[PDB]
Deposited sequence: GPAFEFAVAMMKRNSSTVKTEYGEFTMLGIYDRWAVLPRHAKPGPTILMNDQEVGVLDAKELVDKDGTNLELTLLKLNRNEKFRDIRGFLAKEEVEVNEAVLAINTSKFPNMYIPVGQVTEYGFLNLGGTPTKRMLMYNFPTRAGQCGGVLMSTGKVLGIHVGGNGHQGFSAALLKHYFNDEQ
C-alpha cells in the first residue's frame, strides 16, 4: 500500500507519456531537463511529450566500463519548465526489496500500477542477444515503466517474458 501511494505520487509529479518513432513509452524526469527512457525507445531529434513536440539536445546510451550495455537512454530536453529533482530517490547501487510496484503511464497502460513483489539484483543478462548488466528481476507475466518501492525509485522496465520482468537499475551516479 505504501509503495502504491509512493508510486502514484511519483508518477503524477515526474512522469510523462512519450511518443518516439518507435512507440509510446513512459518517461521519468530526473532533474533539470534530464530524463530517462528505456534504450529501445530510440528517441530521435525530437519526441512528443504529453502530445506536444519537444526537442532533444542530447542522448546518452548508457554503458558500464567494460563497455557493456545498461539499456537506458538519458536524454536532455529543450523546454522551460524543469523536473522536480528526484536524485535523492535513486540508490547508489542496485536495490533489492521485498515489495515493489511497476508503474506505467502511456495509452495502452494509462495510469496503471502492477505489484510485482520481491525484486532481486539479477546482474548479467543477454537481453537482445546483447550483453547487459545492472539488471533487476521480478516476476512479471506478459514500456519503460518505473519500478518503485516505498520511498525508492529502483529502475526502468526494459524487458522480460511470461513470468520474469527486467529493469535497468537507475543509479544515482548516472546523474553526477
property	result
Sequence ranges absent from the coordinates, based on the deposited chain and numbered from 1	143 to 146, 181 to 183
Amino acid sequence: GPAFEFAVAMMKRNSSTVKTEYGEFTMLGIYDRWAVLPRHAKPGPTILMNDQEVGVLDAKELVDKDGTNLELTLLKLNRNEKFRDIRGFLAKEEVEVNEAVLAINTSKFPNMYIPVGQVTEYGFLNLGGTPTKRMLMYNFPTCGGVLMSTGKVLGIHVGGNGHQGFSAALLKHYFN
From here on, numbers count along this sequence of modelled residues.
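Heads up, when I say rigid core I mean the largest set of C-alphas that superpose within 1.5 Å between the two forms.
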| property | result |
| --- | --- |
| Core-aligned Cα RMS comparison in 8 other deposited structures of this protein - stretch that moves more, 145 to 153 or 123 to 131 | 123 to 131 |
| Between 158 to 166 and 11 to 19, the one whose CA atoms sit farther away in 8 other deposited structures of this protein (rigid core aligned) | 158 to 166 |
| Per the entry, higher mean C-alpha B factor between 114 to 122 and 25 to 33 | 114 to 122 |
| Of 48 to 56 and 124 to 132, the one with larger mean CA B-factor | 124 to 132 |
| Residue of maximum C-alpha B factor among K152, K19, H163, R13, per deposited coordinates | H163 |
| CA B-factor placement of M137, once the chain's modelled residues are sorted into thirds | middle |
| Chain thirds of CA B-factor: placement of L70 | middle |
